[PDB]
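See structure below.
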Amino acid sequence: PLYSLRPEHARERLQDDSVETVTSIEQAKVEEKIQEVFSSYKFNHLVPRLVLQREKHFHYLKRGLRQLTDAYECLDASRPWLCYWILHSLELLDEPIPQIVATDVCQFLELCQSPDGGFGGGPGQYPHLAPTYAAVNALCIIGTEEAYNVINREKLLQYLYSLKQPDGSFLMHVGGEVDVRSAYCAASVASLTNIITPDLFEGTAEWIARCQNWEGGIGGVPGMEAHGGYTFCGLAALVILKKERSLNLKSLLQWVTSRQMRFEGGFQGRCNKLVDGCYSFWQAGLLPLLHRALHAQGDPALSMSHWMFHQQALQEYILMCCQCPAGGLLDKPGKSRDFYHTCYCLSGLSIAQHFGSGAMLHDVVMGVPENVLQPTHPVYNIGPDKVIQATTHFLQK
Amino acid sequence: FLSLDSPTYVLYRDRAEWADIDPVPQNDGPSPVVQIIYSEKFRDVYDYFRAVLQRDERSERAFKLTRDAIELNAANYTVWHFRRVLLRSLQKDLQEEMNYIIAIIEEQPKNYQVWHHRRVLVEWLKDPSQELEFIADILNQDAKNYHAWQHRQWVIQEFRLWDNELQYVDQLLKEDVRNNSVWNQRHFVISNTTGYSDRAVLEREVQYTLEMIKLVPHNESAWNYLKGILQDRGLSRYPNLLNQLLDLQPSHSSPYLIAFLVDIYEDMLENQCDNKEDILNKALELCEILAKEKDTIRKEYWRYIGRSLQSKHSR
Ligand SMILES: CCCCN(CCC1CCCCC1)Cc1ccc(C(=O)N[C@@H](CCSC)C(=O)O)c(-c2ccccc2C)c1
Ligand SMILES: CC(C)CCCC(C)CCCC(C)C[C@@H](O)P(=O)(O)O
Ligand SMILES: [Zn+2]
C-alpha cells in the first residue's frame with residue numbers, strides 16, 4: 001500500500017527517550033494528528049481521496065485571483081505576490097490563464113512598478129525586492145510581448161545597484177534589511193531580464209557562502225541557524241551566479257536530506273522543528289539543484305531515476321495532510337489555507353513527481369493519474385518553459 | 001490621543017484635525033485584480049495616509065496617523081519608512097519610541113519590518129542596554145523566533161557583548177536540549193570568542209556534547225553539533241571518537257549514530273589508513289541498515305553514500 005500507511009512505518013514514530021522538552025511535545029502532537037490521518041481508512045479504502053482537487057483548488061485560485069476578503073488586509077502590501085502564487089499555482093495545476101486577465105495583471109503590476117526601478121507591495125508603495133521578484137517572476141509566467149514590456153529593465157538595474165552593498169549582499173528595500181532572501185531576488189530578476197554587469201554581484205557569491213554555517217545548510221545572515229527557505233535562496237542564487245561549488249556541497253546535502261521527517265514525509269525548515277508543507281519545495285526544492293551541482297562537478301554516483309529524497313513519502317503527505325476539503329493546500333492538518341502554501345505546497349509536489357537529470361526522464365506519480373502537475377523550474381519555481389522563453393527573449397537586447 | 005480599538009474611535013473624515021485635507025483613493029485601475037475589500041476603518045486610514053505621504057507632510061498628526069496605518073498592517077514597509085522620517089524631522093524622543101516598538105514586537109514577533117525598525121532605533125541611540133533582556137523575553141514566548149535570535153546575534157556583535165551569553169545558551173539548554181536554535185547560538189558564542197582550535201575548548205565541548213547524547217540518544221541536535229565542531233579537521237584526526245561511539249550500540253542506539261560512524265569511516269577512507277579494505281565494507285554494510293532498516297526514508301540518500309564510497313574505493 002502507500003508507504004506512509006504501511007504497518008512497520010509506525011517504527012518511524014517519535015522516541016522521546018522518556019525525556020520531554022517543548023520540542024518533544026510539539027513533535028508528539030503533530031505525530032498524533034498526522035497518524036490519525038493515515039489510519040483514517042479503516043472502514044473503507046477502495047479509491048482513496050488520493051486525489052488532487054484540480055477543480056476545487058481552481059475555484060479558490062480562479063476567484064481569489066480577482067478579489068479577496070477583508071481578511072487579506074494583511075497582505076495589503078505584497079499584492080504582487082498574491083498574483084504570483086495564483087498565476088503559478090494555476091500553471092502547475094494547468095488551467096490556461098484567460099488572455100483578458102493577462103492584461104489586467106500586467107496593467108496592475110505596471111502600477112506598482114516605482115519610477116525608480118523595482119515594484120511595490122501595491123499601487124504607490126516604495127519598490128522592494130520581494131514584490132519586485134514576485135511581479136517579474138509573475139510577468140514571466142504570462143510571457144507575452146505585453147508582460148515582458150511591463151518591466152523597465154533600465155530602471156530595474158538602477159534600483160538593484162542602489163540596494164547594492166559593499167560586502168556584496170544587497171538590502172531588501174531602501175533602508176531595509178539583508179539576508180540571502182535579498183540576493184536571490186536580485187539574481188532571479190537580473191538574470192531573467194538579462195541585466196547583469198560583470199560588476200553587479202561582485203562578492204555576492206562570497207557572501208552567500210559566509211552564510212553556510214556549521215550545519216551545512218544556510219541561514220538568513222552569517223551566523224544564523226540553518227533554514228530551508230534561505231538555503232533555497234542562497235543556493236539558487238549561486239546556481240544563477242554559477243558558483244554552486246563555492247559552498248561545501250557535501251555538508252549541504254547531508255543537511256537537506258535530514259530535513260525530511262522520518263515519519264510524516266514532508267520537510268522541516270530547521271532541525272528539531274515541526275514539519276510544514278511549503279517547505280516541500282523550499283527543502284525538496286534543493287535536491288534538483290544539488291543534482292545539477294554534483295553532476296556538473298562531475299560526480300558518478302548520482303541516480304538517474306529520482307532526487308535524493310523520499311519522493312513518495314512526500315507526495316503521500318502533501319496529499320493526505322495538506323489539501324483542504326473546501327480547497328487550496330496548507331501547512332499541516334487543521335490550518336487556515338492560504339494562497340502562499342496553496343502555491344509552494346504544490347510546487348513541492350511537482351518536484352516530488354518529476355525528474356529530469358540529463359536528457360532522460362522518469363516521473364513518480366502517486367495517487368490517481370490525474371495528479372500530475374506541470375514541471376516547475378528548480379531555481380525560479382515557474383514553468384520550466386516559461387523560463388526558457390523569458391530569457392530567450394530579453395537576451396535579444 | 002486615541003487608539004484604533006477604543007470604542008470612542010472615529011474614522012478620519014469624521015474628524016476636525018483632519019478636515020483640511022482630501023483622501024487619496026487607491027487607484028487599482030479600471031479592471032482590478034487580486035483586490036481587497038478593505039473594511040471601512042482600514043480603507044479610510046490609508047486613503048488618508050496616502051494624502052499625507054503624497055504631500056510629504058512631516059506633521060505631528062501624520063505621525064499619530066502612522067501608528068494606525070501600522071496597526072492595520074504593521075507589515076507595510078512604506079508606512080514604516082515614512083515613520084522613521086517623521087521621527088527624524090519632528091525630532092521625536094527615541095526612547096519614547098523604543099517603548100512603542102518593544103510593544104509592537106512583543107505583539108507581532110514573527111514580523112520583519114518591526115524588528116529591523118528596532119535595530120535602526122538602536123544603532124541611532126548607540127545604546128543596546130535594553131536589548132539582551134528584551135530579546136530574551138521574546139525568546140521566552142518563542143524559544144525559537146528566528147528574528148529574535150538574529151536581532152540578538154547583531155546586538156552582540158555590533159556591541160561586543162559576549163561576556164554573559166554562553167551562560168544564557170547553557171540556561172535555555174536545560175530548558176530544552178532539543179532546541180536546535182540554541183545549539184546554533186552556542187557555536188556563535190564560541191567560534192567568535194575562543195574558537196575550537198583550543199585543545200581544552202574542543203575537548204570541553206565534545207565531552208559535554210556526548211553527555212547530552214547519552215542523556216537523550218535521539219536529540220538530533222547534540223549529534224549535528226558533535227559532527228559539527230569536529231568536521232573541519234576531519235574525523236580521522238580523532239581516533240578515540242570511533243571507539244566511544246561503539247559503547248553506545250546497546251542502550252543508546254540511534255540512526256543518528258549509525259550515520260556518524262559511516263561519516264567517520266568516510267573521512268577515514270579519505271586518509272590513507274590501515275585496513276583500507278576492512279572499513280570500506282564495514283561501512284558499506286552500515287549503509288544497508290540505514291536505507292532498509294533504521295533510516296529508510298533517507299534510503300535514496302544512503303543508496304548514494306554507498307555508491308559514492310564504492311565508486312572511489314576499489315581495485
Ligand atoms: C511561525 C512564523 C511563520 C512565518 N511565515 C509567515 C506566514 C504567513 C503566510 C501568508 C498568510 C499570513 C501568514 C513564513 C514567511 C516568512 C518570511 C516571509 C517574508 O519574506 N517576509 C516579509 C514579506 C514582505 S512582502 C512585501 C515581511 O514583511 O514579513 C513571508 C512572506 C512571503 C511573501 C508574502 C508575505 C510574507 C509575510 C512568509
Ligand atoms: C522569501 C523567500 C524566498 C524565502 C523565505 C523562507 C522562509 C519561510 C523564511 C522563514 C523566516 C524565519 C526565520 C522564521 C520566522 O517566521 P520566526 O523568527 O518567527 O520563526
Ligand atoms: Zn509554511
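FYI, nothing fancy with the C-alpha cells labels: chains A, B, ... in order, residues from 1 per chain, ligands from 1 as they appear.
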
Residues of chain A no more than 6 Å from chain B, counting only C-alpha atoms: send them over as a list in words. residues 17, 21, 65, 66, 67, 68, 69, 70, 74, 77, 126, 214, 225, 262, 271, 272, 301, 308, 309 and 310 of chain A

At a cut-off of 8 Å around ligand 3, and using only C-alpha atoms and all ligand atoms, what residues come up? Please write them as a ChimeraX atom specification. /A:276-279,330-331,340-341

All residues 9 Å or closer to residue 239 (chain A), only C-alpha atoms, same chain fewer than 2 positions away omitted, as a PyMOL selection string: chain A and resi 234-237+241-244+289+292-293+379

I need the chosen residues saved as a short mmCIF file (atom, residue, chain, number, x, y, z; two decimals), in the first residue's frame, with N, CA and C atoms.
```cif
data_model
loop_
_atom_site.label_atom_id
_atom_site.label_comp_id
_atom_site.auth_asym_id
_atom_site.auth_seq_id
_atom_site.Cartn_x
_atom_site.Cartn_y
_atom_site.Cartn_z
N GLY A 234 19.91 31.05 -1.05
CA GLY A 234 21.35 31.04 -1.20
C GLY A 234 21.86 30.18 -2.33
N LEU A 235 21.43 28.93 -2.35
CA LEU A 235 21.89 28.01 -3.37
C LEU A 235 21.46 28.48 -4.75
N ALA A 236 20.15 28.64 -4.91
CA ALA A 236 19.56 29.08 -6.16
C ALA A 236 20.29 30.30 -6.74
N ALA A 237 20.57 31.27 -5.88
CA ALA A 237 21.25 32.48 -6.30
C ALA A 237 22.59 32.14 -6.90
N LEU A 241 24.34 32.60 -10.29
CA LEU A 241 25.68 33.17 -10.29
C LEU A 241 26.74 32.20 -10.77
N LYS A 242 26.33 30.95 -11.01
CA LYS A 242 27.21 29.89 -11.48
C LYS A 242 28.37 29.66 -10.52
N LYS A 243 28.05 29.60 -9.22
CA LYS A 243 29.06 29.43 -8.18
C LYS A 243 28.77 28.28 -7.23
N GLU A 244 27.75 27.47 -7.51
CA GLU A 244 27.40 26.35 -6.64
C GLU A 244 28.59 25.84 -5.82
N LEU A 289 18.55 20.91 -7.49
CA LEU A 289 19.62 21.87 -7.71
C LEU A 289 20.91 21.14 -7.39
N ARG A 292 22.08 19.15 -10.28
CA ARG A 292 22.80 19.91 -11.30
C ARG A 292 24.19 20.26 -10.80
N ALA A 293 24.31 20.41 -9.48
CA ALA A 293 25.57 20.76 -8.85
C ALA A 293 26.60 19.65 -9.00
N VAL A 379 15.02 26.64 -9.97
CA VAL A 379 15.56 27.90 -9.48
C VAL A 379 14.57 29.06 -9.47
#
```

As a PyMOL selection string, please: all residues of region 114-211 of chain B that backbone DSSP puts in alpha helix (DSSP H). chain B and resi 114-125+131-139+146-157+166-175+180-189+199-211

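Residues within 8 Å of residue 118 (chain B), counting only C-alpha atoms and excluding same-chain residues fewer than 3 positions away, are residues 98, 101, 102, 114, 115, 121 and 122 of chain B.
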
May I ask you to write as a list in words all residues lying at most 6 Å from ligand 2, with only C-alpha atoms and all ligand atoms counted? residues 181, 229, 230 and 233 of chain A; 110, 145, 146 and 147 of chain B

Compile the contact shell of residue 105 (chain A) as an mmCIF file with N, CA and C atoms, in the first residue's frame: residues with an atom at most 12 Å away, counting only C-alpha atoms, same-chain residues fewer than 6 positions apart removed.
```cif
data_model
loop_
_atom_site.group_PDB
_atom_site.id
_atom_site.type_symbol
_atom_site.label_atom_id
_atom_site.label_comp_id
_atom_site.auth_asym_id
_atom_site.auth_seq_id
_atom_site.Cartn_x
_atom_site.Cartn_y
_atom_site.Cartn_z
ATOM 1 N N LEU A 65 -8.115 35.158 -7.240
ATOM 2 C CA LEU A 65 -7.314 35.947 -8.171
ATOM 3 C C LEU A 65 -7.963 37.271 -8.577
ATOM 4 N N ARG A 66 -9.289 37.358 -8.477
ATOM 5 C CA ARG A 66 -9.995 38.570 -8.889
ATOM 6 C C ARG A 66 -10.466 39.415 -7.732
ATOM 7 N N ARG A 79 0.803 42.812 -2.616
ATOM 8 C CA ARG A 79 -0.187 42.376 -3.578
ATOM 9 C C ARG A 79 0.363 41.674 -4.802
ATOM 10 N N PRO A 80 1.541 42.076 -5.290
ATOM 11 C CA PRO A 80 2.023 41.346 -6.459
ATOM 12 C C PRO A 80 2.249 39.867 -6.118
ATOM 13 N N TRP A 81 2.650 39.537 -4.896
ATOM 14 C CA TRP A 81 2.815 38.117 -4.601
ATOM 15 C C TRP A 81 1.487 37.399 -4.797
ATOM 16 N N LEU A 82 0.426 37.969 -4.224
ATOM 17 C CA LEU A 82 -0.904 37.389 -4.339
ATOM 18 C C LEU A 82 -1.250 37.099 -5.783
ATOM 19 N N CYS A 83 -0.553 37.749 -6.704
ATOM 20 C CA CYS A 83 -0.765 37.472 -8.111
ATOM 21 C C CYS A 83 0.104 36.263 -8.444
ATOM 22 N N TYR A 84 1.398 36.388 -8.141
ATOM 23 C CA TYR A 84 2.354 35.339 -8.419
ATOM 24 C C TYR A 84 1.979 33.956 -7.937
ATOM 25 N N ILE A 86 -0.987 32.629 -7.265
ATOM 26 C CA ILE A 86 -2.114 32.200 -8.062
ATOM 27 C C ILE A 86 -1.692 31.873 -9.498
ATOM 28 N N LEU A 87 -1.209 32.855 -10.261
ATOM 29 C CA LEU A 87 -0.789 32.544 -11.622
ATOM 30 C C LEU A 87 0.074 31.299 -11.667
ATOM 31 N N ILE A 97 -4.519 30.609 -18.422
ATOM 32 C CA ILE A 97 -4.873 31.885 -17.841
ATOM 33 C C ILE A 97 -5.507 32.761 -18.919
ATOM 34 N N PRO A 98 -6.771 33.158 -18.704
ATOM 35 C CA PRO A 98 -7.540 33.997 -19.626
ATOM 36 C C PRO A 98 -6.767 35.209 -20.110
ATOM 37 N N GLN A 99 -6.610 35.300 -21.423
ATOM 38 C CA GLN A 99 -5.882 36.393 -22.043
ATOM 39 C C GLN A 99 -6.493 37.767 -21.796
ATOM 40 N N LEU A 111 1.467 49.284 -12.359
ATOM 41 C CA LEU A 111 1.088 50.325 -11.392
ATOM 42 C C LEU A 111 1.879 50.281 -10.093
ATOM 43 N N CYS A 112 2.499 49.141 -9.803
ATOM 44 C CA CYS A 112 3.287 49.014 -8.588
ATOM 45 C C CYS A 112 4.703 49.452 -8.892
ATOM 46 N N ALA A 135 6.412 40.084 -8.834
ATOM 47 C CA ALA A 135 5.939 40.747 -10.055
ATOM 48 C C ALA A 135 6.621 40.281 -11.347
ATOM 49 N N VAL A 136 7.949 40.354 -11.363
ATOM 50 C CA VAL A 136 8.731 39.954 -12.525
ATOM 51 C C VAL A 136 8.573 38.462 -12.735
ATOM 52 N N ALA A 138 6.374 36.832 -12.033
ATOM 53 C CA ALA A 138 4.976 36.630 -12.420
ATOM 54 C C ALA A 138 4.818 36.965 -13.894
ATOM 55 N N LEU A 139 5.090 38.227 -14.232
ATOM 56 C CA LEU A 139 5.008 38.701 -15.607
ATOM 57 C C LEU A 139 5.536 37.627 -16.549
ATOM 58 N N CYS A 140 6.588 36.930 -16.132
ATOM 59 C CA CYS A 140 7.170 35.905 -16.977
ATOM 60 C C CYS A 140 6.325 34.675 -17.200
ATOM 61 N N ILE A 141 5.417 34.364 -16.275
ATOM 62 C CA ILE A 141 4.549 33.201 -16.460
ATOM 63 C C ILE A 141 3.643 33.522 -17.627
ATOM 64 N N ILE A 142 3.223 34.780 -17.690
ATOM 65 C CA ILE A 142 2.361 35.256 -18.757
ATOM 66 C C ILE A 142 3.127 35.250 -20.074
ATOM 67 N N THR A 144 4.315 37.271 -22.579
ATOM 68 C CA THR A 144 3.733 37.879 -23.765
ATOM 69 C C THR A 144 4.457 39.176 -24.049
ATOM 70 N N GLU A 146 3.435 41.594 -24.107
ATOM 71 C CA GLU A 146 2.823 42.556 -23.191
ATOM 72 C C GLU A 146 3.482 42.529 -21.808
ATOM 73 N N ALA A 147 3.616 41.336 -21.230
ATOM 74 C CA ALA A 147 4.231 41.204 -19.915
ATOM 75 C C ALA A 147 5.672 41.691 -19.978
ATOM 76 N N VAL A 150 6.309 45.242 -19.674
ATOM 77 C CA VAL A 150 5.906 45.899 -18.423
ATOM 78 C C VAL A 150 7.126 46.377 -17.645
ATOM 79 N N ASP B 28 -6.676 51.174 -8.367
ATOM 80 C CA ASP B 28 -6.355 49.805 -8.769
ATOM 81 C C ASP B 28 -6.677 49.569 -10.237
ATOM 82 N N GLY B 29 -6.846 50.662 -10.979
ATOM 83 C CA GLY B 29 -7.135 50.557 -12.398
ATOM 84 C C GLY B 29 -8.578 50.219 -12.709
ATOM 85 N N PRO B 30 -8.996 50.379 -13.975
ATOM 86 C CA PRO B 30 -10.357 50.102 -14.432
ATOM 87 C C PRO B 30 -10.824 48.687 -14.129
ATOM 88 N N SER B 31 -9.956 47.714 -14.371
ATOM 89 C CA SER B 31 -10.303 46.325 -14.116
ATOM 90 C C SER B 31 -9.332 45.694 -13.104
ATOM 91 N N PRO B 32 -9.587 45.910 -11.804
ATOM 92 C CA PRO B 32 -8.784 45.397 -10.693
ATOM 93 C C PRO B 32 -8.544 43.891 -10.680
ATOM 94 N N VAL B 33 -7.421 43.504 -10.065
ATOM 95 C CA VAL B 33 -7.003 42.104 -9.894
ATOM 96 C C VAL B 33 -6.583 41.957 -8.430
ATOM 97 N N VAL B 34 -6.641 40.737 -7.904
ATOM 98 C CA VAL B 34 -6.272 40.483 -6.513
ATOM 99 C C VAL B 34 -6.539 41.747 -5.735
ATOM 100 N N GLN B 35 -7.806 42.128 -5.695
ATOM 101 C CA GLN B 35 -8.237 43.324 -4.994
ATOM 102 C C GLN B 35 -8.797 42.982 -3.635
#
```

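For residue 346 (chain A), the residues within 8 Å (counting only C-alpha atoms, excluding itself and residues fewer than 5 positions away along the chain) are residues 89, 92, 281, 318, 329 and 341 of chain A.
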
Residues from last step as file, C-alpha atoms, as a short mmCIF file (atom, residue, chain, number, x, y, z; two decimals), in the first residue's frame:
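Output below, filename selection18.cif:
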```
data_model
loop_
_atom_site.label_atom_id
_atom_site.label_comp_id
_atom_site.auth_asym_id
_atom_site.auth_seq_id
_atom_site.Cartn_x
_atom_site.Cartn_y
_atom_site.Cartn_z
CA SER A 89 -0.36 27.56 -8.86
CA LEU A 92 1.11 23.88 -12.03
CA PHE A 281 9.52 22.96 -2.19
CA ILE A 318 1.08 16.65 0.59
CA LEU A 329 -3.50 23.45 0.29
CA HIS A 341 1.02 27.37 0.73
#
```

Would you kindly return, as a PyMOL selection string, each protein, DNA or RNA residue with an atom no farther than 8 Å from any atom of region 53-55 of chain A, considering only C-alpha atoms and excluding same-chain residues fewer than 5 positions away? chain A and resi 93+323+327+371

Go ahead and dump the residues you just picked, C-alpha atoms, as an mmCIF file, in the first residue's frame.
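The file below, out-v7.cif, is the result:
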```cif
data_model
loop_
_atom_site.group_PDB
_atom_site.id
_atom_site.type_symbol
_atom_site.label_atom_id
_atom_site.label_comp_id
_atom_site.auth_asym_id
_atom_site.auth_seq_id
_atom_site.Cartn_x
_atom_site.Cartn_y
_atom_site.Cartn_z
ATOM 1 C CA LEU A 93 -2.455 22.570 -11.934
ATOM 2 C CA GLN A 323 -5.228 19.556 0.916
ATOM 3 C CA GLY A 327 -9.916 23.861 -1.492
ATOM 4 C CA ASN A 371 -2.474 14.273 -10.091
#
```
